[PDB]
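The structure file my_file-v3.pdb is reproduced below (PDB, C-alpha atoms and all ligand atoms).
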MODEL        1
ATOM      1  CA  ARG S 126      -3.396  11.462  -8.629
ATOM      2  CA  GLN S 127      -5.429   8.582  -7.186
ATOM      3  CA  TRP S 128      -5.304   5.796  -9.778
ATOM      4  CA  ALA S 129      -7.747   2.967 -10.429
ATOM      5  CA  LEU S 130      -7.956  -0.059 -12.755
ATOM      6  CA  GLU S 131     -10.535   1.679 -14.971
ATOM      7  CA  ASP S 132      -7.751   4.096 -15.920
ATOM      8  CA  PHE S 133      -5.917   1.364 -17.795
ATOM      9  CA  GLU S 134      -6.325  -0.946 -20.762
ATOM     10  CA  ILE S 135      -4.433  -4.117 -19.944
ATOM     11  CA  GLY S 136      -2.495  -5.976 -22.601
ATOM     12  CA  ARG S 137      -0.446  -9.149 -22.827
ATOM     13  CA  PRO S 138       1.195 -10.660 -19.730
ATOM     14  CA  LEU S 139       4.850  -9.670 -19.438
ATOM     15  CA  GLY S 140       5.813 -12.086 -16.658
ATOM     16  CA  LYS S 141       4.797 -14.294 -13.737
ATOM     17  CA  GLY S 142       5.479 -12.632 -10.401
ATOM     18  CA  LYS S 143       5.413 -14.430  -7.070
ATOM     19  CA  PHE S 144       1.997 -13.020  -6.162
ATOM     20  CA  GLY S 145       0.473 -12.454  -9.575
ATOM     21  CA  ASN S 146       1.462 -11.372 -13.058
ATOM     22  CA  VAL S 147       2.872  -8.264 -14.718
ATOM     23  CA  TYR S 148       0.932  -6.834 -17.661
ATOM     24  CA  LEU S 149       1.711  -4.436 -20.442
ATOM     25  CA  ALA S 150      -0.796  -1.619 -20.084
ATOM     26  CA  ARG S 151      -1.809   1.735 -21.481
ATOM     27  CA  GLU S 152      -3.153   4.665 -19.494
ATOM     28  CA  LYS S 153      -6.376   5.709 -21.245
ATOM     29  CA  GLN S 154      -5.928   9.472 -20.941
ATOM     30  CA  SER S 155      -2.349   9.914 -22.083
ATOM     31  CA  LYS S 156      -2.035   6.643 -24.056
ATOM     32  CA  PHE S 157       1.089   6.081 -21.948
ATOM     33  CA  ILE S 158       2.429   2.546 -22.226
ATOM     34  CA  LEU S 159       3.728   0.958 -19.036
ATOM     35  CA  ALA S 160       3.669  -2.196 -16.921
ATOM     36  CA  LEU S 161       1.227  -3.230 -14.188
ATOM     37  CA  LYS S 162       2.607  -5.527 -11.496
ATOM     38  CA  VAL S 163      -0.476  -7.223 -10.040
ATOM     39  CA  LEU S 164      -0.204  -8.720  -6.546
ATOM     40  CA  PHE S 165      -3.071 -10.512  -4.790
ATOM     41  CA  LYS S 166      -3.601  -9.122  -1.293
ATOM     42  CA  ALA S 167      -4.537 -12.616  -0.180
ATOM     43  CA  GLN S 168      -1.056 -14.049  -0.804
ATOM     44  CA  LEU S 169       0.659 -10.832   0.248
ATOM     45  CA  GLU S 170      -0.850 -11.244   3.696
ATOM     46  CA  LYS S 171      -0.421 -15.042   3.826
ATOM     47  CA  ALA S 172       3.307 -14.307   3.469
ATOM     48  CA  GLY S 173       3.296 -11.153   5.567
ATOM     49  CA  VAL S 174       5.375  -9.209   3.092
ATOM     50  CA  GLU S 175       3.339  -6.008   3.204
ATOM     51  CA  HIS S 176       6.463  -4.491   4.740
ATOM     52  CA  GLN S 177       8.487  -5.631   1.743
ATOM     53  CA  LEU S 178       5.908  -4.374  -0.732
ATOM     54  CA  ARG S 179       5.977  -1.078   1.154
ATOM     55  CA  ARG S 180       9.778  -0.970   1.120
ATOM     56  CA  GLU S 181       9.602  -1.723  -2.648
ATOM     57  CA  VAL S 182       7.195   1.126  -3.452
ATOM     58  CA  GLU S 183       8.925   3.528  -1.085
ATOM     59  CA  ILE S 184      12.482   2.796  -2.172
ATOM     60  CA  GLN S 185      11.951   2.435  -5.920
ATOM     61  CA  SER S 186       9.595   5.415  -6.281
ATOM     62  CA  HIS S 187      12.364   7.617  -4.937
ATOM     63  CA  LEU S 188      15.149   6.308  -7.175
ATOM     64  CA  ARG S 189      16.019   8.231 -10.330
ATOM     65  CA  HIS S 190      18.627   6.622 -12.556
ATOM     66  CA  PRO S 191      18.633   5.514 -16.206
ATOM     67  CA  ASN S 192      19.930   2.065 -15.233
ATOM     68  CA  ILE S 193      17.251   1.519 -12.577
ATOM     69  CA  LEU S 194      13.660   0.719 -13.578
ATOM     70  CA  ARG S 195      11.243   3.495 -12.765
ATOM     71  CA  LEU S 196       8.240   3.008 -10.441
ATOM     72  CA  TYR S 197       5.670   5.705 -11.212
ATOM     73  CA  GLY S 198       3.080   5.012  -8.556
ATOM     74  CA  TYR S 199       0.555   2.477  -7.320
ATOM     75  CA  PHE S 200      -3.003   1.853  -6.221
ATOM     76  CA  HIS S 201      -5.148  -1.102  -5.181
ATOM     77  CA  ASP S 202      -8.601  -2.429  -4.494
ATOM     78  CA  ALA S 203     -10.684  -4.848  -2.464
ATOM     79  CA  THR S 204      -8.584  -7.698  -3.827
ATOM     80  CA  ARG S 205      -5.174  -6.745  -5.284
ATOM     81  CA  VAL S 206      -2.378  -4.203  -5.308
ATOM     82  CA  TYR S 207      -1.150  -2.588  -8.517
ATOM     83  CA  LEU S 208       2.348  -1.265  -9.017
ATOM     84  CA  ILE S 209       2.690   1.122 -11.995
ATOM     85  CA  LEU S 210       6.078   0.426 -13.566
ATOM     86  CA  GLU S 211       8.162   1.738 -16.414
ATOM     87  CA  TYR S 212       7.802  -0.840 -19.155
ATOM     88  CA  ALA S 213      11.041  -2.517 -20.383
ATOM     89  CA  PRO S 214      10.542  -3.325 -24.142
ATOM     90  CA  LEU S 215      13.391  -5.773 -24.618
ATOM     91  CA  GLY S 216      12.627  -8.138 -21.727
ATOM     92  CA  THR S 217      15.004  -9.749 -19.234
ATOM     93  CA  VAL S 218      18.744 -10.358 -19.343
ATOM     94  CA  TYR S 219      17.644 -13.817 -18.242
ATOM     95  CA  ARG S 220      15.825 -14.560 -21.530
ATOM     96  CA  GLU S 221      18.642 -12.988 -23.518
ATOM     97  CA  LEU S 222      20.978 -15.358 -21.651
ATOM     98  CA  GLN S 223      18.828 -18.314 -22.666
ATOM     99  CA  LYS S 224      18.787 -17.166 -26.269
ATOM    100  CA  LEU S 225      22.511 -16.509 -26.574
ATOM    101  CA  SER S 226      23.687 -19.274 -24.185
ATOM    102  CA  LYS S 227      26.411 -16.979 -22.863
ATOM    103  CA  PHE S 228      27.605 -13.446 -23.590
ATOM    104  CA  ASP S 229      30.920 -12.289 -25.041
ATOM    105  CA  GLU S 230      33.197 -10.121 -22.900
ATOM    106  CA  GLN S 231      32.006  -6.875 -24.489
ATOM    107  CA  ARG S 232      28.353  -7.500 -23.660
ATOM    108  CA  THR S 233      29.212  -8.846 -20.180
ATOM    109  CA  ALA S 234      31.449  -5.906 -19.226
ATOM    110  CA  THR S 235      28.875  -3.455 -20.568
ATOM    111  CA  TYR S 236      26.096  -4.927 -18.452
ATOM    112  CA  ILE S 237      28.402  -4.973 -15.397
ATOM    113  CA  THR S 238      29.170  -1.307 -15.933
ATOM    114  CA  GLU S 239      25.499  -0.284 -16.157
ATOM    115  CA  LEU S 240      24.878  -2.395 -13.034
ATOM    116  CA  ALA S 241      27.791  -1.005 -11.042
ATOM    117  CA  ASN S 242      26.674   2.520 -11.885
ATOM    118  CA  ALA S 243      23.131   1.669 -10.824
ATOM    119  CA  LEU S 244      24.253  -0.028  -7.620
ATOM    120  CA  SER S 245      26.619   2.847  -6.838
ATOM    121  CA  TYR S 246      23.628   5.164  -6.963
ATOM    122  CA  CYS S 247      21.668   2.762  -4.756
ATOM    123  CA  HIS S 248      24.568   2.492  -2.290
ATOM    124  CA  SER S 249      24.955   6.274  -2.095
ATOM    125  CA  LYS S 250      21.529   6.191  -0.436
ATOM    126  CA  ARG S 251      22.563   3.159   1.623
ATOM    127  CA  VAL S 252      20.052   1.013  -0.279
ATOM    128  CA  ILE S 253      20.782  -2.673  -0.800
ATOM    129  CA  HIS S 254      18.876  -4.343  -3.624
ATOM    130  CA  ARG S 255      19.813  -7.873  -2.397
ATOM    131  CA  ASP S 256      18.006  -9.715  -5.211
ATOM    132  CA  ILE S 257      20.265  -9.074  -8.176
ATOM    133  CA  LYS S 258      19.721 -11.865 -10.692
ATOM    134  CA  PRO S 259      19.093 -12.220 -14.451
ATOM    135  CA  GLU S 260      15.283 -12.173 -14.142
ATOM    136  CA  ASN S 261      15.381  -8.801 -12.335
ATOM    137  CA  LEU S 262      17.480  -7.132 -15.000
ATOM    138  CA  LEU S 263      15.340  -5.539 -17.709
ATOM    139  CA  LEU S 264      16.414  -4.113 -21.049
ATOM    140  CA  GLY S 265      15.399  -0.641 -22.213
ATOM    141  CA  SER S 266      14.433   0.281 -25.784
ATOM    142  CA  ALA S 267      18.085   0.951 -26.611
ATOM    143  CA  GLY S 268      18.991  -2.379 -25.006
ATOM    144  CA  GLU S 269      20.326  -0.656 -21.847
ATOM    145  CA  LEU S 270      20.236  -2.581 -18.569
ATOM    146  CA  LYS S 271      17.841  -1.570 -15.801
ATOM    147  CA  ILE S 272      17.787  -3.112 -12.319
ATOM    148  CA  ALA S 273      14.217  -3.892 -11.342
ATOM    149  CA  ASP S 274      12.170  -5.519  -8.609
ATOM    150  CA  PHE S 275      13.023  -3.904  -5.282
ATOM    151  CA  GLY S 276      10.854  -6.380  -3.395
ATOM    152  CA  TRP S 277      13.858  -7.328  -1.238
ATOM    153  CA  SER S 278      15.550  -3.956  -0.950
ATOM    154  CA  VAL S 279      16.188  -2.592   2.527
ATOM    155  CA  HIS S 280      18.469   0.034   4.048
ATOM    156  CA  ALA S 281      21.822  -1.123   5.419
ATOM    157  CA  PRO S 282      22.699  -2.637   7.684
ATOM    158  CA  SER S 283      20.149  -5.431   8.059
ATOM    159  CA  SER S 284      19.325  -8.987   9.023
ATOM    160  CA  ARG S 285      16.803 -11.525   7.727
ATOM    161  CA  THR S 288      12.083 -13.590   5.654
ATOM    162  CA  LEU S 289      12.398 -17.013   3.977
ATOM    163  CA  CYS S 290      14.114 -17.921   0.654
ATOM    164  CA  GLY S 291      14.035 -19.695  -2.703
ATOM    165  CA  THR S 292      17.089 -20.397  -4.901
ATOM    166  CA  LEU S 293      20.375 -19.472  -3.249
ATOM    167  CA  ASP S 294      22.352 -19.075  -6.475
ATOM    168  CA  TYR S 295      22.936 -15.328  -6.066
ATOM    169  CA  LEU S 296      22.876 -15.037  -2.260
ATOM    170  CA  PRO S 297      26.076 -14.275  -0.236
ATOM    171  CA  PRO S 298      27.303 -16.538   2.562
ATOM    172  CA  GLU S 299      26.288 -13.900   5.139
ATOM    173  CA  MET S 300      22.710 -14.085   3.905
ATOM    174  CA  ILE S 301      22.363 -17.875   3.626
ATOM    175  CA  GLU S 302      23.830 -17.993   7.131
ATOM    176  CA  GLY S 303      21.196 -15.561   8.427
ATOM    177  CA  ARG S 304      24.002 -13.277   9.627
ATOM    178  CA  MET S 305      23.928  -9.489   9.492
ATOM    179  CA  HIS S 306      24.784  -7.913   6.143
ATOM    180  CA  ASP S 307      25.300  -4.625   4.294
ATOM    181  CA  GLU S 308      25.718  -3.179   0.782
ATOM    182  CA  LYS S 309      28.481  -5.724   0.180
ATOM    183  CA  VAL S 310      25.773  -8.270  -0.564
ATOM    184  CA  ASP S 311      25.229  -6.669  -3.983
ATOM    185  CA  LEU S 312      28.947  -6.890  -4.759
ATOM    186  CA  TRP S 313      28.894 -10.667  -4.301
ATOM    187  CA  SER S 314      25.870 -10.909  -6.594
ATOM    188  CA  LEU S 315      27.569  -8.788  -9.275
ATOM    189  CA  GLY S 316      30.438 -11.306  -9.252
ATOM    190  CA  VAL S 317      27.966 -14.152  -9.536
ATOM    191  CA  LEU S 318      26.362 -12.429 -12.537
ATOM    192  CA  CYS S 319      29.629 -11.705 -14.295
ATOM    193  CA  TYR S 320      30.485 -15.370 -14.043
ATOM    194  CA  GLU S 321      27.031 -16.475 -15.206
ATOM    195  CA  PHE S 322      27.123 -14.068 -18.147
ATOM    196  CA  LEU S 323      30.410 -15.526 -19.450
ATOM    197  CA  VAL S 324      29.849 -19.197 -18.554
ATOM    198  CA  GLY S 325      26.124 -19.615 -19.107
ATOM    199  CA  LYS S 326      25.350 -20.690 -15.540
ATOM    200  CA  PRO S 327      25.945 -19.472 -11.928
ATOM    201  CA  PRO S 328      29.289 -20.472 -10.242
ATOM    202  CA  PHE S 329      27.671 -22.360  -7.371
ATOM    203  CA  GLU S 330      24.800 -24.037  -9.174
ATOM    204  CA  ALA S 331      23.767 -27.534  -8.068
ATOM    205  CA  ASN S 332      20.833 -29.981  -8.094
ATOM    206  CA  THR S 333      20.369 -29.645  -4.369
ATOM    207  CA  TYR S 334      19.596 -26.725  -2.097
ATOM    208  CA  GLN S 335      21.729 -28.334   0.591
ATOM    209  CA  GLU S 336      24.505 -28.866  -1.939
ATOM    210  CA  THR S 337      24.337 -25.270  -3.255
ATOM    211  CA  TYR S 338      24.492 -23.995   0.345
ATOM    212  CA  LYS S 339      27.749 -25.850   0.923
ATOM    213  CA  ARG S 340      29.272 -24.454  -2.288
ATOM    214  CA  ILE S 341      28.351 -20.855  -1.553
ATOM    215  CA  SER S 342      29.379 -21.260   2.070
ATOM    216  CA  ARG S 343      32.741 -22.718   1.007
ATOM    217  CA  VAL S 344      33.023 -20.420  -2.063
ATOM    218  CA  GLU S 345      33.668 -23.419  -4.279
ATOM    219  CA  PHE S 346      33.740 -22.385  -7.929
ATOM    220  CA  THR S 347      36.074 -23.156 -10.835
ATOM    221  CA  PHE S 348      36.529 -21.430 -14.217
ATOM    222  CA  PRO S 349      35.975 -23.045 -17.582
ATOM    223  CA  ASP S 350      39.067 -22.827 -19.804
ATOM    224  CA  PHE S 351      37.515 -20.113 -22.004
ATOM    225  CA  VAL S 352      37.193 -17.477 -19.271
ATOM    226  CA  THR S 353      40.023 -14.995 -19.710
ATOM    227  CA  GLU S 354      42.388 -14.220 -16.865
ATOM    228  CA  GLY S 355      41.084 -10.650 -16.796
ATOM    229  CA  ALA S 356      37.555 -11.915 -16.122
ATOM    230  CA  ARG S 357      38.832 -14.405 -13.565
ATOM    231  CA  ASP S 358      40.582 -11.646 -11.678
ATOM    232  CA  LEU S 359      37.500  -9.482 -11.386
ATOM    233  CA  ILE S 360      35.175 -12.343 -10.545
ATOM    234  CA  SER S 361      37.609 -13.599  -7.887
ATOM    235  CA  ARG S 362      37.884 -10.218  -6.166
ATOM    236  CA  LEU S 363      34.101 -10.017  -6.126
ATOM    237  CA  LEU S 364      33.451 -13.483  -4.714
ATOM    238  CA  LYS S 365      35.254 -13.151  -1.360
ATOM    239  CA  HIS S 366      33.701 -14.908   1.662
ATOM    240  CA  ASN S 367      34.628 -11.991   3.882
ATOM    241  CA  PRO S 368      32.314  -9.127   2.802
ATOM    242  CA  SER S 369      34.990  -6.593   3.782
ATOM    243  CA  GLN S 370      37.384  -7.982   1.170
ATOM    244  CA  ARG S 371      34.868  -7.366  -1.628
ATOM    245  CA  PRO S 372      35.838  -4.296  -3.745
ATOM    246  CA  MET S 373      34.035  -0.981  -3.990
ATOM    247  CA  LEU S 374      31.869  -0.418  -7.060
ATOM    248  CA  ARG S 375      34.300   2.283  -8.120
ATOM    249  CA  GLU S 376      37.136  -0.261  -8.245
ATOM    250  CA  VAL S 377      34.900  -2.506 -10.376
ATOM    251  CA  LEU S 378      34.012   0.306 -12.784
ATOM    252  CA  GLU S 379      37.734   0.916 -13.089
ATOM    253  CA  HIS S 380      38.954  -2.671 -13.269
ATOM    254  CA  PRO S 381      41.176  -3.116 -16.403
ATOM    255  CA  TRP S 382      39.085  -5.957 -17.830
ATOM    256  CA  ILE S 383      35.980  -3.809 -17.500
ATOM    257  CA  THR S 384      37.653  -0.787 -19.113
ATOM    258  CA  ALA S 385      39.121  -2.797 -21.975
ATOM    259  CA  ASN S 386      35.808  -4.464 -22.774
ATOM    260  CA  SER S 387      32.935  -2.179 -21.720
ATOM    261  CA  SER S 388      30.982   0.044 -24.138
ATOM    262  CA  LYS S 389      29.374   2.528 -21.725
TER     263      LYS S 389
HETATM  264  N1  LIG A   1       8.462  -3.313 -16.182
HETATM  265  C1  LIG A   1       8.519  -4.554 -16.782
HETATM  266  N2  LIG A   1       8.613  -4.660 -18.129
HETATM  267  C2  LIG A   1       8.672  -5.844 -18.730
HETATM  268  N3  LIG A   1       8.641  -6.980 -18.033
HETATM  269  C3  LIG A   1       8.551  -6.977 -16.686
HETATM  270  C4  LIG A   1       8.485  -5.738 -16.001
HETATM  271  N4  LIG A   1       8.399  -6.012 -14.680
HETATM  272  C5  LIG A   1       8.402  -7.299 -14.500
HETATM  273  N5  LIG A   1       8.495  -7.952 -15.708
HETATM  274  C6  LIG A   1       8.516  -9.424 -15.923
HETATM  275  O1  LIG A   1       7.776 -10.077 -14.851
HETATM  276  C7  LIG A   1       8.686 -10.926 -14.088
HETATM  277  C8  LIG A   1       8.515 -10.750 -12.576
HETATM  278  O2  LIG A   1       8.476  -9.351 -12.323
HETATM  279  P1  LIG A   1       9.024  -9.149 -10.845
HETATM  280  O3  LIG A   1       9.132  -7.688 -10.556
HETATM  281  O4  LIG A   1      10.437  -9.828 -10.665
HETATM  282  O5  LIG A   1       7.884  -9.784  -9.888
HETATM  283  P2  LIG A   1       8.235 -10.585  -8.510
HETATM  284  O6  LIG A   1       6.913 -10.874  -7.898
HETATM  285  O7  LIG A   1       9.003  -9.548  -7.558
HETATM  286  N6  LIG A   1       9.134 -12.057  -8.639
HETATM  287  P3  LIG A   1      10.840 -12.028  -8.429
HETATM  288  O8  LIG A   1      11.621 -11.110  -9.472
HETATM  289  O9  LIG A   1      11.364 -13.548  -8.594
HETATM  290  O10 LIG A   1      11.145 -11.594  -7.048
HETATM  291  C9  LIG A   1      10.160 -10.610 -14.509
HETATM  292  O11 LIG A   1      10.756 -11.900 -14.542
HETATM  293  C10 LIG A   1       9.955 -10.011 -15.901
HETATM  294  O12 LIG A   1      10.275 -10.897 -16.963
ENDMDL
END

Any chance you could give the structure as structure tokens?
Amino acid sequence: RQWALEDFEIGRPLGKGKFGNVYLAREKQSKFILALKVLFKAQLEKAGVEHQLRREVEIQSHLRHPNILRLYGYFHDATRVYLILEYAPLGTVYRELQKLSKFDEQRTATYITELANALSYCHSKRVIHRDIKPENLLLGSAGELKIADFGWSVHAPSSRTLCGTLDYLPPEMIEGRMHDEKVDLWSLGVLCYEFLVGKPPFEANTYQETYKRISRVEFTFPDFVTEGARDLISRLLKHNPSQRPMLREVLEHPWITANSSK
């Protein structure tokens, strides 16, 4: 069906995107509640990311997994583009991380499991998300994690568009080098550390400074991180992409098994 803005009643803003906001919305005919990612064509062109936005719609609309946010369709007009997304009721893992400061091992390992499963599915299709970070992880009604925002996804292998914060990016990406699905493994390790510590392992006040840290893989554990968490995070944060484990090995790691709920 060919959609149009008149088909929806827009509600409160759910977030600030990079080219517009996301709104809670209801489809007039079915009363279906969902989200509307609104991007201004102006900016989309000024950044020449129409290829990304196309890769986002094309990749995400074809994914079908309970731990991956659903993209139902899209439409647009003289001015903007509208992505029709599955609405995540419980917000971002990011906000939850602000609220709780840091997660316990049970919550952390559970989120990692849902992620690994979701990434496994994405890697079976040779799809690399490449932008795994707290603000792209949404929570379902039952509090289940759902990877969202495929605005950077691309099929492996690949090269590289400009950047923002490097916090979750692998050395191979910040060094412009070629990369594959291993990129997401590095990010998963960054997340696991951030979940337990309250902040990313390579954080810094300077972009230049953060680049050095990621490049050198310079991170240390606070005393309260258990050895089981340190082992997993250390296997995940290897400079050489090839050393990074398979998602299966993550899903099976002892620390994950002993702590995870799913
Ligand atoms: N389906 C949704 N349900 C609830 N909130 C959402 C949904 N989609 C997006 N948001 C919120 O809107 C924000 C940005 O959405 P997002 O898809 O990440 O847009 P973006 O333009 O790709 N920016 P970025 O994630 O930094 O690349 C997220 O931080 C969420 O908090």

message: As a check of understanding, name the residues that the PyMOL selection byres (((chain S and resi 271-284) around 8) and not hetatm) selects in the supplied structure, as a PyMOL selection string.
response: chain S and resi 177-178+180-182+184-185+191-194+239-240+243+251-257+261-265+269-270+285+300+303-308

Centre and edges of the ligand LIG 1 (chain A) box, axis-aligned, 4 Å extra per side, as lines of an AutoDock Vina configuration file:
center_x = 9.3
center_y = -8.4
center_z = -12.9
size_x = 12.7
size_y = 18.2
size_z = 19.7

task: Please extract the residues at most 8 Å from ligand LIG 1 (chain A), counting all atoms listed in the file, and provide them as a VMD selection string, using the chain letters and residue numbers of this document.
output: chain S and resid 139 to 149 159 to 162 164 194 210 to 217 256 260 to 261 263 273 to 277

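From CA of residue 235 in chain S back to CA of residue 338 in chain S, the distance works out to 29.6 Å.
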
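Using only C-alpha atoms, the residues found no farther than 10 Å from range 354-359 of chain S, other than those of its own chain fewer than 5 positions away, are residues 230, 233, 234, 316, 319, 320, 323, 347, 348, 349, 364, 372, 376, 377, 380, 381, 382, 383 and 385 of chain S.
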